[PDB]
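Participant: Sequence first, structure after; it's an experimental one.
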Amino acid sequence: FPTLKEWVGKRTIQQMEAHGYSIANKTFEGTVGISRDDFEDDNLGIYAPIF
Amino acid sequence: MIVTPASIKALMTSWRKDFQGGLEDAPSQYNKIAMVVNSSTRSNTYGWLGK
């Protein structure tokens, strides 16, 4: 609000302002691929922890 | 003699499906020369002892 000033004459009608700001969402992705043979021939269990 | 169109007369036939698989392939003879073994991994390792 406008800071108060000395009153001589009649009131000075002032004005203020409003600000705006916008942020847009984004889409992200990440993917990997492994063949069915490699995933099914893994008896060791080394490829299991991918999830 | 009920005069009949050729298209309608053609529909008066019976499906027989007796020639399916008529021409097969040559008989399998690999069972006289090879032995069937299974696998569950990228390869199969065979080992034996000497006399």
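Facilitator: Structure received. Numbering: from 1, shown residues only, chains lettered A, B, ... in the order given.
Participant: switch to C-alpha atoms for all contacts and neighbour counts from now on
Facilitator: Noted.
Participant: near chain A, which residues of chain B?
Facilitator: Within chain B, the positions lying close to chain A (CA under 8 Å from any CA of the partner chain) are B:40, B:41, B:42.
Participant: a markdown table for those residues, including neighbour count, secondary structure and distance to residue A:8?
Facilitator: Output for the residues of chain B next to chain A, formatted as a markdown table (neighbours: other CA atoms under 10 Å in any protein chain shown; DSSP: H, G, I helix; E, B strand; the rest coil; distance: CA to CA, whole Å):
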| residue | neighbour count | secondary structure | distance to residue A:8 |
| --- | --- | --- | --- |
| B:40 | 10 | coil | 98 |
| B:41 | 12 | coil | 97 |
| B:42 | 11 | coil | 96 |
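Participant: Show me the helices in the chain, by range?
Facilitator: No chain in the question, so chain A it is. A:36-40 (DSSP state H).
Participant: um, chain B though
Facilitator: B:6-10.
Participant: With just CA atoms, put stretch B:12-19 into CSV.
Facilitator: What follows is stretch B:12-19, C-alpha atoms only, in CSV (Å, rounded to 0.1, in the frame of the first residue of the first chain):
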residue,chain,number,x,y,z
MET,B,12,-25.1,-77.2,-53.8
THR,B,13,-21.8,-78.9,-52.8
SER,B,14,-20.3,-80.7,-49.8
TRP,B,15,-17.1,-79.6,-48.1
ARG,B,16,-15.0,-82.7,-47.5
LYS,B,17,-11.6,-81.5,-46.1
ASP,B,18,-10.0,-84.8,-46.7
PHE,B,19,-6.8,-83.5,-48.5
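Participant: that older thread, for the residues of chain B next to chain A, give me JSON lines that also has distance to residue B:34.
Facilitator: Formatted as JSON lines, the residues of chain B next to chain A follow (distance: CA to CA, whole Å):
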{"residue": "B:40", "distance to residue B:34": "19"}
{"residue": "B:41", "distance to residue B:34": "21"}
{"residue": "B:42", "distance to residue B:34": "21"}
